[PDB]
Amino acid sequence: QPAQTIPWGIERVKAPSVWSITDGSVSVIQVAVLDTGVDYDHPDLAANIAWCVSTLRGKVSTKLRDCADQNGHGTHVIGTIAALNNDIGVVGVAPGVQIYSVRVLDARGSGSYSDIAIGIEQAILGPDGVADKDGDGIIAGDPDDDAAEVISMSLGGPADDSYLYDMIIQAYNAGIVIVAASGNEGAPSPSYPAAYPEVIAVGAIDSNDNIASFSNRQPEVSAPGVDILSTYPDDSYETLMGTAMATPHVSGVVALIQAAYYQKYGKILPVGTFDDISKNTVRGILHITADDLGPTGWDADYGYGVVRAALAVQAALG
């Protein structure tokens, strides 16, 4: 195992200064990563993998062999969120956050919308199979329940399906922040589910602060998505690019916001809306503390700008 480095993207989203406040290890907080699965025994990941589930071919399995990553993409995304802060490898934005690895994509990194929607349902239900065990309407942030507080989707497609949207609406109503990749076609607008109003569309910047040419435009926020070093199977590391790599940086920043807020107040913040520019909502906070690149204000390249965890957490706790 190599000695630990902090990848450039982690530095760029201003994560390291937050860690003295929280590394995301607040017990009610989990991040569900809907992807190709995870190298669950990776030495730089294992301690943070709280649940491993698979929805491939429409059957839900919690077997380790079914949830294991056969591609690499999920292991890479998870490491950008939650790689451990230790003597080895890399370090995530939220290096103490619990991860639910939900395998919705196969060995190819390809997936059906049906399996993705089932994955979102599993993130809401959690290990206990019930969304709201005590029936109080509080799901995300309720310490009696085991739902995820963030759903991270480094994936997308061109179709807007009614049932998939209904499932996004259910996650949003559970109080879950939904984050998804803008897509990699250089298109004028984001893929789905990123394009839904309930979902944060995430575009990719490079290490010069330029938007990546492949990045689908009109995102909500942007984040490091070119030359991203992270965990990769088996028990190794790899450098990749894509809006899939930008996505987890934002999901990690959200995880730090909600962890820090719960640590201080014993509740989480509302998800908020695309237009929000207050300090009263997760998305409002993301928008007003983002580093506003390009033309003043929200622009079709950067969205509101590059997320910054240090400022976001201060805005949340202020």
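Definition used throughout: the rigid core is the maximal C-alpha set that superposes within 1.5 Å between two forms. A residue's number is simply how far along the shown sequence it sits, counting from 1.
K.L.:
Is 216-224 or 132-140 the stretch whose C-alphas end up farther from this model in 6 other deposited structures of this protein after a rigid core fit?
P.N.:
Comparing 216-224 with 132-140, the larger C-alpha deviation in 6 other deposited structures of this protein belongs to 132-140.
K.L.:
With reference to the PDB entry, specify whether the mean Cα temperature factor is higher for 158-166 or for 124-132.
P.N.:
According to the PDB entry, the answer is 158-166.
K.L.:
Pick between 84-92 and 105-113: the one whose mean CA B-factor in the entry is higher.
P.N.:
Of 105-113 and 84-92, the stretch with the higher C-alpha B-factor average is 105-113.
K.L.:
Kindly indicate the residue among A32, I29, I288, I257 with the greatest C-alpha B-factor in the PDB record.
P.N.:
Checking the PDB record, the top C-alpha B-factor among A32, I29, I288, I257 is at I288.
K.L.:
For the C-alpha B-factor as written in the entry, point me to the maximum among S251, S61, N48, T36.
P.N.:
Across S251, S61, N48, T36, the entry lists the biggest C-alpha B-factor for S61.
K.L.:
Where does the C-alpha B-factor of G9 rank in its chain, lowest, middle or highest third?
P.N.:
According to the entry, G9 has a C-alpha B-factor in the chain's lowest third.
K.L.:
When the deposited Cα B-factors of this chain's modelled residues are ordered and cut into thirds, is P188 in the lowest, the middle or the highest one?
P.N.:
For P188, whose C-alpha B-factor we compare with every modelled residue in the chain, the answer is the highest third.
K.L.:
State the tercile, meaning the lowest, middle or highest third, of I211 with respect to the CA B-factors recorded for its chain.
P.N.:
Within its chain, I211 is a highest-third residue by C-alpha B-factor, going by the deposited values.
K.L.:
Test of reading the entry: by CA B factor among the chain's modelled residues, which third contains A300?
P.N.:
According to the entry, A300 has a C-alpha B-factor in the chain's highest third.
K.L.:
Per the entry's values, where does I21 land by CA temperature factor relative to the rest of its chain, in the lowest, middle or highest third?
P.N.:
Answer is highest: the recorded C-alpha B-factor places it there.
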